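*Asks:* Let me give you the structure first, and then I'll get to my questions.
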Amino acid sequence: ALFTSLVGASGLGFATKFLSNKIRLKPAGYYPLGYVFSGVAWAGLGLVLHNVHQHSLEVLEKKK
Amino acid sequence: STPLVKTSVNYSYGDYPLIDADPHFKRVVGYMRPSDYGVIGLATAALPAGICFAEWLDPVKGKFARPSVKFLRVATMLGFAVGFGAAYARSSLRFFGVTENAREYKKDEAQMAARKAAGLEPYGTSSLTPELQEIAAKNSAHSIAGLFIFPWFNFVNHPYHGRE
Amino acid sequence: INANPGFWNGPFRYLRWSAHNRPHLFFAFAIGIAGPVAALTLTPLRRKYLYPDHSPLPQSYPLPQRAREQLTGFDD
Amino acid sequence: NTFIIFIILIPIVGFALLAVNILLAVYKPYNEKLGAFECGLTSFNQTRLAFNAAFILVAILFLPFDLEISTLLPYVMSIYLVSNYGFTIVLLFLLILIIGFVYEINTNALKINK
Amino acid sequence: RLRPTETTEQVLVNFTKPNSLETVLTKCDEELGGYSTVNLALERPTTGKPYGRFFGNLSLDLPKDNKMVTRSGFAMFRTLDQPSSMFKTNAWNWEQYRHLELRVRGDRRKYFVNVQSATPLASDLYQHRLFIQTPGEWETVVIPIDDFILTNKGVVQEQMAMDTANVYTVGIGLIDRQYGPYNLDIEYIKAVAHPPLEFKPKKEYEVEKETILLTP
Amino acid sequence: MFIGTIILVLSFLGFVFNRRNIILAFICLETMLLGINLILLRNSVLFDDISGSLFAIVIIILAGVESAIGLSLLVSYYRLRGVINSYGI
Amino acid sequence: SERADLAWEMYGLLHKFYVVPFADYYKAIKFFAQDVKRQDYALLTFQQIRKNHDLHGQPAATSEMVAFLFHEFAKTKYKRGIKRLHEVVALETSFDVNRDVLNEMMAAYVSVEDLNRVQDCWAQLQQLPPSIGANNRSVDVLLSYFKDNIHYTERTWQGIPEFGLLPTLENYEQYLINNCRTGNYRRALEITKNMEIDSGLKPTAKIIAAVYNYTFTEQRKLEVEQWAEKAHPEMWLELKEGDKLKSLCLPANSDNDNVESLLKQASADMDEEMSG
Amino acid sequence: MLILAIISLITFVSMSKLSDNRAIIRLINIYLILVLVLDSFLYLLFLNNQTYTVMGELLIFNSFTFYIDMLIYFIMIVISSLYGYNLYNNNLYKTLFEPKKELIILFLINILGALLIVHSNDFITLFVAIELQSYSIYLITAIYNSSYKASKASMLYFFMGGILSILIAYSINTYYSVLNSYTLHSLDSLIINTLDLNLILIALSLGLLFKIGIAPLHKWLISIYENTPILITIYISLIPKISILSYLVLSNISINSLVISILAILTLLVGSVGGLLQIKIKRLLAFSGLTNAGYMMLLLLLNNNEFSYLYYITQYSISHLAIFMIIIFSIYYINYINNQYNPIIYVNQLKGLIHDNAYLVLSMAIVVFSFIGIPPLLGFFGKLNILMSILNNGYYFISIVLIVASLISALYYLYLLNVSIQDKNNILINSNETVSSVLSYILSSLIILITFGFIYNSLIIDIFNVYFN
Ligand SMILES: CCCCC/C=C/C/C=C\CCCCCCCC(=O)O[C@H](COC(=O)CCCCCCCCCCCCCCC)COP(=O)([O-])OCC[N+](C)(C)C
């Protein structure tokens with residue numbers, strides 16, 4: 001589902017932000033606005049990839 | 001204007017009808033949607049905005065200092081460049097019949113209808129010998145596939161556009 | 001005494017500054033950029049007004065695009 | 001045919017070079033008076049001399065610029081045959097080269113002692 | 001495991017051994033027409049560790065037997081040139097040391113630590129002056145490896161880093177422009193890895209204190 | 001082709017053996033390129049085809065650029081600039 | 001400063017034409033460095049003494065200049081001069097390295113942040129007898145290089161008794177700064193309160209104002225000015241009108257970041273304010 | 001988009017101060033980011049494995065070239081971010097990672113050469129692109145010439161690459177002499193069956209593969225990687241390999257080659273065993289790259305290997321960037337610096353890193369496990385695709401060699417983790433300086449990609465099936 005893909009991408013962005021905070025030796029809740037930015041960006045990338053996947057399936061089905 | 005070699009007729013590069021296999025630069029710019037100009041402006045504002053955002057994220061010398069006007073102007077010029085390249089590629093894939101090109105197809109139809117009514121040649125007449133026309137078409141054929149690498153546009157009125 | 005006013009601050013002021021303070025570079029750019037620009041902006045004008053371009057010269061024999069006709073004369 | 005000549009010639013001159021190079025194994029062990037150079041003394045009192053980077057850059061850059069110029073010779077021999085397409089290609093070629101010429105001028109890399 | 005051995009030291013000029021002197025050679029200006037003399041002794045007394053002795057005279061008088069020379073008066077010793085015949089290493093590896101420590105009693109003379117390493121040129125030398133702080137008493141003067149200054153023919157040059165992976169010889173020499181006898185008693189020369197930060201003078205030298213540490 | 005191939009063989013084996021004679025190794029590079037160009041030109045003449053000669057001139061230009069870069073490398077390596085910067089900032 | 005270039009040409013004619021006393025070299029080196037703005041001529045003036053001694057036979061330079069000229073280089077963070085002067089020292093056949101050169105050479109490397117050279121100069125000072133060797137100037141540089149490392153600042157403090165030294169007023173001040181800039185506001189007060197008992201060195205204005213300046217808690221800043229009113233009443237009152245006290249602290253909703261990261265930014269800003 | 005960048009950089013860098021280098025590199029970083037995010041729609045040209053020929057049959061364009069092209073831009077963005085953005089805002093890190101005035105221009109010219117290698121359709125274009133990449137990479141290696149350790153590596157790399165390029169040109173000219181052609185379009189099944197041009201292609205593959213350094217010509221590039229600056233080594237050890245291997249995969253000239261198979265087995269054995277004998281980080285990573293190159297060379301023996309090669313090269317590029325960036329970040333937690341160019345040398349200097357940055361050690365553990373092939377990380381899946389491909393074609397001995405090589409390499413991979421999870425009582429001389437947020441974010445993104453890229457395995461498989469068939 002599109003919603004599930006967006007949720008997964010946003011969670012991956014949150015995980016990336018958390019890992020960046022922990023690498024810098026900083027608390028987990030350091031820059032929550034950065035959490036929002038990372039989640040939005042990774043969710044957008046996930047949306048683009050999901051759209052590519054949907055177009056791929058459409059192209060696969062159309063030649064039948 | 002007589003072609004010297006055989007070319008594919010109405011070849012389908014995608015799910016849409018072919019308009020022009022090797023559209024001219026003036027042709028591509030003339031068939032440009034307003035959305036492509038929006039993309040051009042988007043990039044032209046995005047590189048300076050990207051520079052400012054990168055400066056905010058990690059200042060070069062520790063203290064936040066906005067980049068000088070020289071960097072903003074270079075970024076603006078390069079943004080216009082990348083936006084123009086993206087717009088040209090989008091218009092080209094519209095010509096190639098890859099994306100939606102219904103309005104472009106209708107405008108193309110009306111255009112050569114008017115040109116035939118005026119008693120002209122279908123894709124122009126050139127200053128170049130027919131051998132040079134063939135060489136130009138063979139060099140510029142599908143050159144938009146290398147937009148990531150180099151810029152190259154069709155500035156030759158050659159008849160090798162893959163149409164009837 | 002003399003300091004560069006900057007090209008972007010003023011185009012014509014910088015043009016005069018380059019013409020008066022850096023003659024060699026200014027003239028190098030002038031003749032260099034005149035060529036392509038004058039070509040682009042004058043070749044259509046020359047074609048329209050002065051004289052049309054000459055007909056292409058032959059590169060080999062012009063082969064007729066037709067079948068072999070039956071000819072009579074100079075037979076064995 | 002070139003591969004064949006290469007492969008069979010390798011062993012013969014290879015062995016010849018091998019033998020002539022096992023010869024120097026011991027020779028002129030350069031027992032010369034290398035004592036003042038393993039300490040750090042100088043005996044010239046003169047012959048300092050200098051070479052600005054711009055001098056060696058003139059010498060080296062004579063070569064790529066000469067190649068750039070000599071690449072124009074094929075164009076002038078077929079100027080009429082490739083008139084407009086070739087004219088544009090040569091213009092782009094010259095502009096690309098002038099980008100590097102502008103680099104070497106702005107950097108002031110070629111200005112000898114001032 | 002079976003990896004190349006890693007160590008925090010490597011003795012270069014050991015001395016203190018019956019052979020010792022076979023590891024090093026000497027070169028005075030007698031190679032030129034000069035009159036300086038060099039000779040390396042071996043002292044093994046009691047109540048102490050046996051050391052080497054590096055003495056001689058450094059007469060700076062020019063060689064009035066030839067003319068193309070301009071300045072003379074040197075005397076040096078160095079490790080034997082590294083034997084690279086067909087299969088062995090080729091040279092020394094100093095990529096994990098960053099220092100060289102040598103224990104010596106000094107005098108008023110100004111000695112140089114001379115290092116020969118891989119270099120495109122032939123007579124390039126990495127040399128750093130041996131700063132003798134305490135004359136007449138032993139001192140473990142440490143010289144950082146990446147502070148030697150490249151010299152060819154005795155002239156400071158473009159300071160490119162030493163090739164620590166390929167080092168040939170290490171030695172001490174006199175290029176001091178002064179007359180008179182000289183002496184220098186060395187008992188080891190080694191390259192020592194990075195020491196951790198310490199905040200005591202030394203264990204070999206100490207000053208009166210409360211001695212908080214428990215006695216053994 | 002005989003002359004080009006044999007020049008290439010001799011220069012290649014001169015490179016392999018010395019390998020520490022940077023002047024002579026770079027000379028051997030130049031001579032190997034010359035030997036390859038000779039073979040290419042001979043085959044282009046035999047086949048009466050222009051691609052061989054075009055690749056030959058391309059190899060000439062590339063060889064020139066490579067020689068310039070390599071001689072800059074040798075300048076940096078041997079410190080040809082000199083120093084005499086003593087008693088200076 | 002504007003005419004600093006002009007002083008260079010006039011210096012050249014003074015030496016080409018007239019023989020210049022050697023003692024005048026000290027004044028020119030101090031002038032062409034510690035006086036107005038320019039330090040390039042300080043090195044060249046030192047290089048002038050070297051060139052004449054080697055070639056002409058003029059009397060050689062002494063180690064006093066290199067010790068002084070390192071100190072002047074450690075003020076403008078002049079990375080080029082330190083490298084240039086070091087290799088001149090490393091191949092000198094007239095003067096040698098001693099306690100004073102290493103101290104200022106170590107301070108020159110702290111300014112340019114060279115973790116290797118700083119430890120290198122500390123090894124050479126350490127391996128020397130305490131008679132001539134590690135002094136209060138050595139500790140002064142060593143503490144200033146551990147300004148943001150509380151662990152190595154402390155072990156440096158216990159180093160002073162081992163070398164046979166008694167801390168000085170300039171020695172105490174940096175120790176108070178280092179404790180303050182790492183969040184140890186409370187421990188700093190006990191050091192200042194009990195320093196006069198332990199050593200007999202009465203706290204000065206440059207000590208007390210330092211503790212107030214580098215305390216970045218609005219309440220901890222108050223406890224600093226609790227003993228001062230009733231133990232040093234007269235000598236505080238001359239700091240209120242001198243604008244020495246500065247009230248820089250940490251932000252309010254700043255618990256998002258590390259407290260230790262705040263102390264770095266607060267102290268870095270405070271270092272500039274005390275630089276002039 | 002790249003030619004214009006090169007021209008604009010020459011013009012702008014010509015008229016800029018040295019202090020503008022970071023800003024220029026940042027500008028190109030965002031420029032390339034926008035090139036990827038804005039011109040990415042060009043993948044619509046390659047539905048159903050549609051192929052185009054460009055510039056008079058001198059260039060080829062398909063989905064494979066497009067994907068390698070995008071991967072090269074992503075790698076270039078990461079590496080240029082490593083140069084534009086300052087890891088730590090202090091003078092020491094200023095000195096260690098300071099870009100040269102021409103470094104970004106050389107980087108872009110080398111990217112151009114690599115792309116022209118990937119897109120080549122003719123031997124003249126192939127040779128010209130090879131020479132462009134080679135000269136650019138020589139200049140990249142030599143641009144830091146203040147040390148003899150770097151100088152010897154630069155000179156060795158110049159001479160060895162000159163010999164290799166001469167051999168490549170000789171093979172190409174022999175092919176031309178045989179066929180009077182400079183393109184592969186003249187090669188068909190009948191052409192291969194009737195005439196014996198196999199040796200020419202074997203020599204060409206030999207010359208090309210030696211440029212990336214397979215056995216028994218591995219030692220010179222390993223020395224070069226050891227001696228070049230690490231911010232240079234991270235680039236010179238990935239991009240040329242990607243270009244050469246992509247050209248070899250797309251060329252498809254080594255089907256079931258005995259010589260190629262034997263050399264791949266030798267490369268795997270040498271990389272696995274020689275890694276056990278390494279105490280330096282750079283040499284260990286060089287042998288790791290050798291082992292990965294052997295793994296990818298095993299894919300040259302069979303057809304329909306596009307998916308496995310693409311997946312493995314992408315995951316290896318990500319892991320390579322991640323491991324070098326981890327090594328770069330760990331520089332802050334050591335008490336001394338070896339060289340201005342290579343600040344860390346021996347694996348022993350990473351000892352006890354878990355007591356300075358535990359999450360850095362966690363990221364390194366993830367990347368090392370992906371190198372070993374522990375599921376569900378990307379490295380395991382790439383190795384699994386390689387195993388499936390080689391077992392589909394019946395290379396059983398090759399599979400056994402692959403498994404044994406992986407098992408051996410796991411030992412010296414776990415060497416790193418075992419050293420790093422030790423105890424270092426020596427406390428740091430540095431504290432509390434904050435690491436760059438941009439570079440930390442990029443490293444974390446690489447680690448998260450390695451950790452959770454297996455989510456999109458089916459999606460990637462479907463996209464490959466629709467865009468490559
Ligand atoms: C807003 C525009 C930004 C786009 C910039 C993209 C740069 C790509 C760069 C570096 C590679 C990073 C991973 C790319 C993923 C493969 C896409 C694909 O699907 O791979 C296929 C081919 O699969 C293959 O053979 C094997 C691919 C091996 C991938 C190995 C990594 C696995 C983990 C990555 C999972 C992604 C996580 C995203 C989280 C939100 C190419 O697809 P395609 O040629 O049909 O075009 C795609 C449409 N595109 C251009 C819009 C994207």
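Here, A, B, ... name the chains of the structure tokens in the order displayed, residue numbers run from 1 inside each chain, and ligands are numbered from 1 in the same displayed order.
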Can you tell me which residues come within 6 Å of ligand 1 when counting only C-alpha atoms and all ligand atoms, ideally as a list in words?
*Replies:*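 Checking only C-alpha atoms and all ligand atoms against ligand 1 at 6 Å gives residues 9, 42, 45, 46 and 52 of chain A; 36, 37, 40, 43, 63, 67, 70, 71, 74, 307, 310, 311, 314, 315, 449, 453, 456, 460, 463, 464 and 467 of chain H.
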*Asks:* Within 9 Å of range 52-63 of chain E, counting only C-alpha atoms, which residues qualify if same-chain residues fewer than 5 places away don't, as a PyMOL selection string?
*Replies:* chain E and resi 15-16+20-21+28-29+32-44+69-77+174+176-188
*Asks:* Quick check for you: according to DSSP on this backbone, which residues of range 10-92 of chain G are classed as helix (DSSP H, G or I)? Reply as a PyMOL selection string.
*Replies:* chain G and resi 10-17+24-34+40-56+63-73+79-90
*Asks:* Keeping only C-alpha atoms, take the residues you just selected and write them out as a PDB file, in the first residue's frame.
*Replies:*
ATOM      1  CA  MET G  10      64.034  52.681   5.508  1.00  0.00           C
ATOM      2  CA  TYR G  11      65.355  49.701   7.473  1.00  0.00           C
ATOM      3  CA  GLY G  12      67.200  48.442   4.395  1.00  0.00           C
ATOM      4  CA  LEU G  13      69.029  51.715   3.765  1.00  0.00           C
ATOM      5  CA  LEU G  14      69.982  51.904   7.447  1.00  0.00           C
ATOM      6  CA  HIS G  15      71.987  48.671   7.152  1.00  0.00           C
ATOM      7  CA  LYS G  16      73.431  48.992   3.638  1.00  0.00           C
ATOM      8  CA  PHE G  17      74.860  52.449   4.359  1.00  0.00           C
ATOM      9  CA  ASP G  24      69.573  47.319  17.713  1.00  0.00           C
ATOM     10  CA  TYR G  25      68.410  43.976  16.288  1.00  0.00           C
ATOM     11  CA  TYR G  26      66.321  43.340  19.409  1.00  0.00           C
ATOM     12  CA  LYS G  27      64.511  46.670  19.076  1.00  0.00           C
ATOM     13  CA  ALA G  28      63.801  46.160  15.367  1.00  0.00           C
ATOM     14  CA  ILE G  29      62.542  42.597  15.870  1.00  0.00           C
ATOM     15  CA  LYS G  30      60.337  43.769  18.734  1.00  0.00           C
ATOM     16  CA  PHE G  31      59.250  46.733  16.596  1.00  0.00           C
ATOM     17  CA  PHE G  32      58.579  44.682  13.451  1.00  0.00           C
ATOM     18  CA  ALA G  33      56.278  42.336  15.369  1.00  0.00           C
ATOM     19  CA  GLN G  34      55.154  43.172  18.905  1.00  0.00           C
ATOM     20  CA  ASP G  40      56.836  39.085   8.266  1.00  0.00           C
ATOM     21  CA  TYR G  41      59.665  41.563   8.835  1.00  0.00           C
ATOM     22  CA  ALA G  42      60.303  40.008  12.260  1.00  0.00           C
ATOM     23  CA  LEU G  43      61.322  36.762  10.570  1.00  0.00           C
ATOM     24  CA  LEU G  44      63.301  38.513   7.824  1.00  0.00           C
ATOM     25  CA  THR G  45      65.070  40.638  10.441  1.00  0.00           C
ATOM     26  CA  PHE G  46      66.028  37.382  12.151  1.00  0.00           C
ATOM     27  CA  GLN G  47      67.021  35.982   8.750  1.00  0.00           C
ATOM     28  CA  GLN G  48      69.160  39.096   8.228  1.00  0.00           C
ATOM     29  CA  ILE G  49      71.254  38.213  11.286  1.00  0.00           C
ATOM     30  CA  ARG G  50      71.684  34.675   9.948  1.00  0.00           C
ATOM     31  CA  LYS G  51      72.812  35.633   6.441  1.00  0.00           C
ATOM     32  CA  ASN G  52      75.473  38.078   7.641  1.00  0.00           C
ATOM     33  CA  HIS G  53      76.851  35.626  10.212  1.00  0.00           C
ATOM     34  CA  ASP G  54      77.229  32.808   7.675  1.00  0.00           C
ATOM     35  CA  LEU G  55      78.704  34.814   4.792  1.00  0.00           C
ATOM     36  CA  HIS G  56      80.160  38.126   5.973  1.00  0.00           C
ATOM     37  CA  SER G  63      68.537  31.930  21.187  1.00  0.00           C
ATOM     38  CA  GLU G  64      66.732  34.881  22.798  1.00  0.00           C
ATOM     39  CA  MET G  65      65.100  35.940  19.520  1.00  0.00           C
ATOM     40  CA  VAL G  66      63.667  32.534  18.579  1.00  0.00           C
ATOM     41  CA  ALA G  67      62.154  32.200  22.053  1.00  0.00           C
ATOM     42  CA  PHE G  68      60.655  35.684  21.744  1.00  0.00           C
ATOM     43  CA  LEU G  69      59.664  35.283  18.104  1.00  0.00           C
ATOM     44  CA  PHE G  70      57.825  32.012  18.752  1.00  0.00           C
ATOM     45  CA  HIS G  71      55.798  33.865  21.390  1.00  0.00           C
ATOM     46  CA  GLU G  72      54.906  36.614  18.912  1.00  0.00           C
ATOM     47  CA  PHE G  73      53.860  33.974  16.362  1.00  0.00           C
ATOM     48  CA  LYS G  79      51.147  28.926  10.857  1.00  0.00           C
ATOM     49  CA  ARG G  80      53.659  29.845   8.137  1.00  0.00           C
ATOM     50  CA  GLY G  81      56.259  31.460  10.394  1.00  0.00           C
ATOM     51  CA  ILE G  82      56.294  28.608  12.907  1.00  0.00           C
ATOM     52  CA  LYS G  83      57.175  26.038  10.237  1.00  0.00           C
ATOM     53  CA  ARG G  84      59.755  28.393   8.704  1.00  0.00           C
ATOM     54  CA  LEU G  85      61.463  29.174  12.010  1.00  0.00           C
ATOM     55  CA  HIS G  86      61.471  25.573  13.274  1.00  0.00           C
ATOM     56  CA  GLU G  87      63.568  24.229  10.403  1.00  0.00           C
ATOM     57  CA  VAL G  88      65.919  27.186  10.802  1.00  0.00           C
ATOM     58  CA  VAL G  89      66.357  26.087  14.425  1.00  0.00           C
ATOM     59  CA  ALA G  90      66.720  22.412  13.477  1.00  0.00           C
TER      60      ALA G  90
END
*Asks:* Kindly give the distance, in Å, that separates CA of residue 160 in chain E and CA of residue 151 in chain H, rounded to a single decimal.
*Replies:*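 Separation between CA of residue 160 in chain E and CA of residue 151 in chain H: 9.5 Å.
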*Asks:* Return the single residue from F:36, F:23, F:74, F:68 that is closest to chain D, with distances computed using only C-alpha atoms.
*Replies:*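 Ranked by minimum distance to chain D, first place goes to F:68.
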*Asks:* Residues of chain G no more than 8 Å from chain H, counting only C-alpha atoms: send them over as a PyMOL selection string.
*Replies:* chain G and resi 112-116+146+148-149+152+260-261+264
*Asks:* With only C-alpha atoms as the counted atoms, please give the residues lying no more than 12 Å from residue 50 in chain F, apart from itself and same-chain residues fewer than 3 positions off, as an MDAnalysis selection string.
*Replies:* (chainID F and resid 40:47 53:57) or (chainID H and resid 176 180:182)
*Asks:* What would the file look like if the residues just selected were written as an mmCIF file, in the first residue's frame with N, CA and C atoms?
*Replies:*
data_model
loop_
_atom_site.group_PDB
_atom_site.id
_atom_site.type_symbol
_atom_site.label_atom_id
_atom_site.label_comp_id
_atom_site.auth_asym_id
_atom_site.auth_seq_id
_atom_site.Cartn_x
_atom_site.Cartn_y
_atom_site.Cartn_z
ATOM 1 N N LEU F 40 49.876 0.651 -36.658
ATOM 2 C CA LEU F 40 48.550 1.133 -37.032
ATOM 3 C C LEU F 40 48.572 1.813 -38.393
ATOM 4 N N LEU F 41 49.586 2.642 -38.644
ATOM 5 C CA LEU F 41 49.674 3.336 -39.922
ATOM 6 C C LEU F 41 49.912 2.360 -41.067
ATOM 7 N N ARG F 42 50.759 1.349 -40.850
ATOM 8 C CA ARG F 42 50.991 0.360 -41.897
ATOM 9 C C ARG F 42 49.712 -0.395 -42.238
ATOM 10 N N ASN F 43 48.953 -0.814 -41.220
ATOM 11 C CA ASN F 43 47.708 -1.524 -41.505
ATOM 12 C C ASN F 43 46.674 -0.612 -42.153
ATOM 13 N N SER F 44 46.643 0.666 -41.771
ATOM 14 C CA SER F 44 45.740 1.608 -42.425
ATOM 15 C C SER F 44 46.086 1.766 -43.898
ATOM 16 N N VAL F 45 47.381 1.835 -44.218
ATOM 17 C CA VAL F 45 47.796 1.931 -45.614
ATOM 18 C C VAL F 45 47.421 0.664 -46.372
ATOM 19 N N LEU F 46 47.650 -0.501 -45.761
ATOM 20 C CA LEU F 46 47.332 -1.757 -46.434
ATOM 21 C C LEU F 46 45.841 -1.876 -46.716
ATOM 22 N N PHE F 47 45.001 -1.491 -45.757
ATOM 23 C CA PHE F 47 43.560 -1.608 -45.936
ATOM 24 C C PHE F 47 42.948 -0.427 -46.675
ATOM 25 N N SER F 53 44.385 5.865 -39.617
ATOM 26 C CA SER F 53 45.110 7.129 -39.542
ATOM 27 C C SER F 53 44.479 8.077 -38.528
ATOM 28 N N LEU F 54 43.148 8.073 -38.427
ATOM 29 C CA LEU F 54 42.488 8.918 -37.437
ATOM 30 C C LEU F 54 42.864 8.493 -36.023
ATOM 31 N N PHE F 55 42.841 7.185 -35.759
ATOM 32 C CA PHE F 55 43.282 6.700 -34.459
ATOM 33 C C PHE F 55 44.761 6.981 -34.243
ATOM 34 N N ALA F 56 45.553 6.996 -35.317
ATOM 35 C CA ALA F 56 46.967 7.327 -35.190
ATOM 36 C C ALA F 56 47.158 8.764 -34.721
ATOM 37 N N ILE F 57 46.442 9.711 -35.335
ATOM 38 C CA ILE F 57 46.590 11.101 -34.902
ATOM 39 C C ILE F 57 46.034 11.283 -33.492
ATOM 40 N N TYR H 176 41.799 -4.213 -35.036
ATOM 41 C CA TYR H 176 41.555 -3.457 -36.260
ATOM 42 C C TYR H 176 42.274 -4.081 -37.447
ATOM 43 N N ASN H 180 39.584 -4.763 -39.805
ATOM 44 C CA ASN H 180 39.393 -3.443 -40.415
ATOM 45 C C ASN H 180 38.160 -2.749 -39.839
ATOM 46 N N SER H 181 38.021 -2.816 -38.517
ATOM 47 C CA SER H 181 36.887 -2.219 -37.830
ATOM 48 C C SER H 181 37.315 -1.817 -36.427
ATOM 49 N N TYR H 182 36.536 -0.912 -35.830
ATOM 50 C CA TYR H 182 36.815 -0.406 -34.491
ATOM 51 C C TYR H 182 35.623 -0.577 -33.557
#
*Asks:* Residues near residue 258 in chain H, anyone? I mean within 12 Å using only C-alpha atoms, not counting same-chain ones fewer than 6 positions away, as a VMD selection string.
*Replies:* chain H and resid 198 to 199 202 264 to 265 298 300 to 302 395 398
*Asks:* Could you turn the residues from that selection into a file that holds N, CA and C atoms, as a PDB file, in the first residue's frame?
*Replies:*
ATOM      1  N   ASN H 198      39.579 -14.653 -30.371  1.00  0.00           N
ATOM      2  CA  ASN H 198      39.427 -14.787 -28.927  1.00  0.00           C
ATOM      3  C   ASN H 198      40.628 -14.214 -28.187  1.00  0.00           C
ATOM      4  N   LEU H 199      41.839 -14.463 -28.695  1.00  0.00           N
ATOM      5  CA  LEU H 199      43.040 -14.022 -27.990  1.00  0.00           C
ATOM      6  C   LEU H 199      43.116 -12.502 -27.917  1.00  0.00           C
ATOM      7  N   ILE H 202      40.886 -11.550 -25.115  1.00  0.00           N
ATOM      8  CA  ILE H 202      41.529 -11.926 -23.859  1.00  0.00           C
ATOM      9  C   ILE H 202      42.593 -10.907 -23.478  1.00  0.00           C
ATOM     10  N   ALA H 264      40.244 -15.003 -11.966  1.00  0.00           N
ATOM     11  CA  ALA H 264      39.300 -14.664 -10.907  1.00  0.00           C
ATOM     12  C   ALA H 264      39.545 -15.503  -9.660  1.00  0.00           C
ATOM     13  N   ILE H 265      39.804 -16.801  -9.838  1.00  0.00           N
ATOM     14  CA  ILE H 265      40.103 -17.658  -8.693  1.00  0.00           C
ATOM     15  C   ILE H 265      41.386 -17.198  -8.010  1.00  0.00           C
ATOM     16  N   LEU H 298      33.983 -12.948 -11.271  1.00  0.00           N
ATOM     17  CA  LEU H 298      33.300 -14.229 -11.437  1.00  0.00           C
ATOM     18  C   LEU H 298      32.021 -14.086 -12.252  1.00  0.00           C
ATOM     19  N   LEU H 300      31.751 -12.300 -14.926  1.00  0.00           N
ATOM     20  CA  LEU H 300      32.083 -12.091 -16.328  1.00  0.00           C
ATOM     21  C   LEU H 300      32.046 -13.375 -17.144  1.00  0.00           C
ATOM     22  N   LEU H 301      31.847 -14.523 -16.504  1.00  0.00           N
ATOM     23  CA  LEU H 301      31.899 -15.817 -17.168  1.00  0.00           C
ATOM     24  C   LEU H 301      30.546 -16.292 -17.674  1.00  0.00           C
ATOM     25  N   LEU H 302      29.495 -15.487 -17.540  1.00  0.00           N
ATOM     26  CA  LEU H 302      28.159 -15.950 -17.877  1.00  0.00           C
ATOM     27  C   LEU H 302      27.302 -14.774 -18.321  1.00  0.00           C
ATOM     28  N   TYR H 395      29.067 -23.649 -12.430  1.00  0.00           N
ATOM     29  CA  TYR H 395      30.433 -23.445 -11.944  1.00  0.00           C
ATOM     30  C   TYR H 395      30.471 -23.831 -10.471  1.00  0.00           C
ATOM     31  N   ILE H 398      34.037 -23.005  -8.839  1.00  0.00           N
ATOM     32  CA  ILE H 398      34.036 -21.563  -8.620  1.00  0.00           C
ATOM     33  C   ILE H 398      33.214 -21.212  -7.386  1.00  0.00           C
TER      34      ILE H 398
END
*Asks:* Might you pull out every residue within 12 Å of residue 159 in chain H, with only C-alpha atoms counted and same-chain residues fewer than 3 positions away left off, and present them as a PyMOL selection string?
*Replies:* (chain F and resi 12+15-16+18-30+66-67+69-71+73-74) or (chain H and resi 134-135+138+152-156+162-166+211+220-221)
*Asks:* What is the CA of residue 130 in chain H to CA of residue 56 in chain H distance in Å?
*Replies:*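 Calculated distance between CA of residue 130 in chain H and CA of residue 56 in chain H is 19.3 Å.
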*Asks:* Quick one: residues within 8 Å of residue 9 in chain B, only C-alpha atoms, excluding same-chain residues fewer than 6 positions away - as a VMD selection string?
*Replies:* chain B and resid 162 to 164
*Asks:* When DSSP is applied to the backbone of this structure, which of range 27-240 of chain H are assigned strand (DSSP E)? Write them out as number ranges by chain.
*Replies:* H: 52-54, 59-61
*Asks:* Could you pull the residues within 9 Å of range 11-14 of chain A, counting only C-alpha atoms, minus those fewer than 6 positions along the same chain, as an NGL selection string?
*Replies:* (:A and (35-43)) or (:H and (445 or 448-449 or 452))
